[PDB]
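Working notes, structure below.
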Ligand SMILES: C/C1=C\[C@H](C)C[C@H](C)OC(=O)C[C@H](c2ccc(O)cc2)NC(=O)[C@@H](Cc2c(Br)[nH]c3ccccc23)N(C)C(=O)[C@H](C)NC(=O)[C@@H](C)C1
Ligand SMILES: Nc1ncnc2c1ncn2[C@@H]1O[C@H](COP(=O)(O)OP(=O)(O)O)[C@@H](O)[C@H]1O
Ligand SMILES: [Mg+2]
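Protein chains in written order, with the deposited numbering: chain A, 361 to 432; chain C, 5 to 375.
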C-alpha cells in the first residue's frame, strides 16, 4: 500500500470480499481463502501483463517514424 | 450465442444472459387491468400493464398474479409477461438464443408441457431447458452436496443432494410462502386497527413485511418482552404519509413458517421438514447433509432466520453431529446465478431440447430429457 499509494483499509477490505451488484442493489460478499489467493495471483498477472504492454507501447513510440508506411 | 436465462416465480421475474454476474431484468410479475371508467379523451388508454408499469399505476388497477404456488394459472397473462421480458425489458429477439427456464420440483407435468409448447411455437426459441430451483442453488453456492431449503413467494421445498445425485423420495414440498405470510400479516395487522383490503394495499403490506419483520430467536421470551415494553415497537409511513405503528406482531408474522398452526395448517415448520427430509435419506450421507444447509429465495431473508434454524435443528439433531447453516447474502438471486452457471457450461450444450426434437416428439419430450 505504501509503494502503490492505495490506502491500506481499502486493499485489506477488497482482498477479502467481492462485490455483486444488480442495477438496483449491491452486496459485499466474503470469499474463501483459496478464492482470495486466486484473485491476488490474477491481479499480479494482470499488472504484469499491462506493464509489458505499456513498455512495448513505448518501444513502439521510439521505433515509429512519421512517414506513412506503404508496405512492410 | 449466449443463452437466455429466465427464472419465473410467483413474485419477481428474474431474467438475464448466461455468463452474466447478476440478472439484467428484475421486476415483480403482475398483470394489471384498469377498473375505473376512463374520462379523458385521447389519454392513450391501454388494455393492460405488466411489471413495473402495473406497480406504478397500481392504485388504478386490479393486480393479478399469473403464478400461484409455482403453477401458471392463466396462460395468457404469463405469455404477456414473457413477451414483456424478451421484447421490452431485455430487448433481444428469442429467435437467436437458447433459453433456460426454472420450476419448483414436484409440479404438474402440464406446466412444463405448456411452457415448452409456448416457447417453441409462440417465440420460436431455437432450444430450451427446464431446471429445478434447488439444484441451481447448489451451483450458485459452489457445492455438490447439501440439503437445499429454498422458499420464495409460493412454494417452499427442500431437496437433498449428495455428490450430484438427487434423492427423489426425500424431496419435500410445502405451500408456506411470502404470500401466505403476507395474508397472515394483513389478518394479524387488523388487530391494531389497520385494514388492508385491496390488492394494491396488499403490496403495501408486502413492503411492510420486507422492511420491518424479523424472526424471533425465542418466541415466548420476545412475546413477554413486547408485552412488557414499547422498546420492540416500531413504525412505518404509508404512501399517503399517514404513520402506522406495529408491535410484537412484526416478529409474530415470520414465525408461522416455524408454526404453520398459526395460519391453520398442521404440517410442521421448515426446521422439522428439513430434519424429516434428512431422515428420509440413507444413514451414511446424513453427516454431510447436516454439514451443509443452503438457503435460497427471498422468504429466507428475514433477520435471524438463519440462527433460529441452526438452533432449532441443533435441538432436533443428535448432539454430537455438527449442524451448519449456509445463508449467503445474495441468496435471493442464487437460483438465477445457478442457472447462469449451468447454462454457461460446455457439457450442458449437449443437453438442450432442440426444435427438431420437439417437432419429432411433441411437447412431451421435456419429461424425457429434462428430469
Ligand atoms: C391508511 C390506513 C389506515 C388508517 C387510516 C391509519 C390509522 C392510523 O389507523 C388507526 O389506527 C385508525 C383506526 C382505529 C380506530 C380505533 C381503534 O381502536 C384503533 C384504530 N382504524 C381505522 O380508521 C380503520 C377502521 C376499520 C375499518 Br372501516 N375496517 C376495519 C377492520 C379492522 C380494523 C379496523 C377497521 N380504517 C377506516 C382503515 O384502516 C382504512 C380502511 N385503512 C386504509 O385505508 C389503509 C390504506 C391503511
Ligand atoms: N428482505 C426480505 N425479507 C423478507 N421477505 C422478503 C425480502 N425480500 C423479498 N421478500 C419476499 O419474498 C418473496 C419473493 O421471493 P423470491 O424468491 O425473490 O420470489 P421468486 O420465487 O419469484 O424468486 C416476496 O414475498 C417478497 O416480498
Ligand atoms: Mg424462486
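Where a beta carbon is used, it is the ideal one built from N, C-alpha and C, also for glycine.
Do we get a CB-CB distance below 8 Å when we pair residue i with the residues of chain A?
i: residue 220 of chain C; result: no
i: residue 333 of chain C; result: yes
i: residue 25 of chain C; result: yes
i: residue 339 of chain C; result: no
i: residue 152 of chain C; result: no
i: residue 96 of chain C; result: no
i: residue 30 of chain C; result: yes
If we ignore side chains and look at the alpha-carbon of each, how far apart do residue i and residue j end up?
i: residue 56 of chain C; j: residue 123 of chain C; result: 23 Å
i: residue 245 of chain C; j: residue 237 of chain C; result: 19 Å
i: residue 4 of chain C; j: residue 182 of chain C; result: Any question about residue 4 of chain C goes unanswered here, given that chain C covers just 5 to 375.
i: residue 311 of chain C; j: residue 258 of chain C; result: 14 Å
i: residue 340 of chain C; j: residue 134 of chain C; result: 12 Å
i: residue 255 of chain C; j: residue 330 of chain C; result: 22 Å
i: residue 65 of chain C; j: residue 354 of chain C; result: 45 Å
i: residue 111 of chain C; j: residue 179 of chain C; result: 12 Å
i: residue 203 of chain C; j: residue 90 of chain C; result: 27 Å
i: residue 162 of chain C; j: residue 175 of chain C; result: 6 Å
i: residue 173 of chain C; j: residue 15 of chain C; result: 28 Å
i: residue 197 of chain C; j: residue 40 of chain C; result: 28 Å
i: residue 73 of chain C; j: residue 231 of chain C; result: 35 Å
i: residue 346 of chain C; j: residue 322 of chain C; result: 35 Å
i: residue 273 of chain C; j: residue 263 of chain C; result: 5 Å
i: residue 29 of chain C; j: residue 109 of chain C; result: 24 Å
i: residue 50 of chain C; j: residue 42 of chain C; result: 10 Å
i: residue 396 of chain A; j: residue 21 of chain C; result: 26 Å
i: residue 170 of chain C; j: residue 289 of chain C; result: 12 Å
Over what stretch of residues does the alpha helix (DSSP H) that includes residue i continue unbroken?
i: residue 410 of chain A; result: 393-423
i: residue 191 of chain C; result: 182-193
i: residue 257 of chain C; result: 253-259
i: residue 352 of chain C; result: First-last for residue 352 of chain C: undefined, no H or E at that position.
i: residue 316 of chain C; result: 309-320
i: residue 281 of chain C; result: 274-283
i: residue 11 of chain C; result: That residue, residue 11 of chain C, is in no alpha helix (DSSP H); its beta strand (DSSP E) goes 8-11.
i: residue 290 of chain C; result: 290-295
i: residue 124 of chain C; result: 113-126
i: residue 231 of chain C; result: 223-232
i: residue 371 of chain A; result: 368-374
i: residue 60 of chain C; result: 56-60
Pull up the CB-CB distance for residue i and residue j, whole angstroms please, since I reckon it's below 8 Å.
i: residue 168 of chain C; j: residue 148 of chain C; result: 5 Å
i: residue 267 of chain C; j: residue 260 of chain C; result: 5 Å
i: residue 106 of chain C; j: residue 343 of chain C; result: 6 Å
i: residue 141 of chain C; j: residue 300 of chain C; result: 4 Å
i: residue 382 of chain A; j: residue 27 of chain C; result: 6 Å
i: residue 35 of chain C; j: residue 70 of chain C; result: 6 Å
i: residue 357 of chain C; j: residue 82 of chain C; result: That pair is no contact at about 19 Å.
i: residue 389 of chain A; j: residue 98 of chain C; result: Contact doesn't hold; Cβ gap of about 32 Å is too wide.
i: residue 4 of chain C; j: residue 371 of chain C; result: No information on residue 4 of chain C is available, as it lies outside the stretch 5 to 375 that chain C covers here.
i: residue 253 of chain C; j: residue 192 of chain C; result: 5 Å
i: residue 33 of chain C; j: residue 75 of chain C; result: Not really, about 13 Å apart at Cβ, beyond 8 Å.
i: residue 380 of chain A; j: residue 25 of chain C; result: 6 Å
So which of the options has the shortest CA-CA distance to residue i?
i: residue 292 of chain C; options: C:150, C:206, C:270; result: C:150
i: residue 392 of chain A; options: C:40, C:120, C:35, C:146; result: C:146
i: residue 374 of chain C; options: C:104, C:224, C:78; result: C:104
i: residue 306 of chain C; options: C:335, C:325, C:82; result: C:335
i: residue 137 of chain C; options: C:9, C:314, C:294, C:349; result: C:9
i: residue 359 of chain C; options: C:53, C:127, C:48, C:25; result: C:127
i: residue 338 of chain C; options: C:166, C:363, C:197, C:144; result: C:144
i: residue 364 of chain C; options: C:43, C:121, C:162; result: C:121
i: residue 190 of chain C; options: C:212, C:369, C:30, C:172; result: C:212
i: residue 159 of chain C; options: C:184, C:243, C:139, C:221; result: C:184
i: residue 394 of chain A; options: A:410, A:377, A:386, A:409; result: A:377
i: residue 367 of chain C; options: C:49, C:38, C:125; result: C:125
i: residue 155 of chain C; options: C:251, C:165, C:177; result: C:177
i: residue 78 of chain C; options: C:63, C:119, C:265; result: C:119
Identify the continuous beta strand (DSSP E) that holds residue i and give its terminal residues.
i: residue 210 of chain C; result: Here residue 210 of chain C belongs to no beta strand (DSSP E); instead the alpha helix (DSSP H) covers 203-216.
i: residue 83 of chain C; result: From DSSP, residue 83 of chain C is part of no beta strand (DSSP E) but of the alpha helix (DSSP H) over 79-87.
i: residue 377 of chain A; result: 377-381
i: residue 166 of chain C; result: 160-166
i: residue 132 of chain C; result: 131-136
i: residue 370 of chain C; result: Not the beta strand (DSSP E): residue 370 of chain C falls in the alpha helix (DSSP H), residues 369-373.
i: residue 21 of chain C; result: 17-21
i: residue 238 of chain C; result: 238-241
i: residue 108 of chain C; result: Premise fails: residue 108 of chain C is in no beta strand (DSSP E) and is neither H nor E.
I'd like to know whether the C-beta of residue i is nearer than 8 Å to at least one C-beta of chain C.
i: residue 403 of chain A; result: no
i: residue 382 of chain A; result: yes
i: residue 389 of chain A; result: yes
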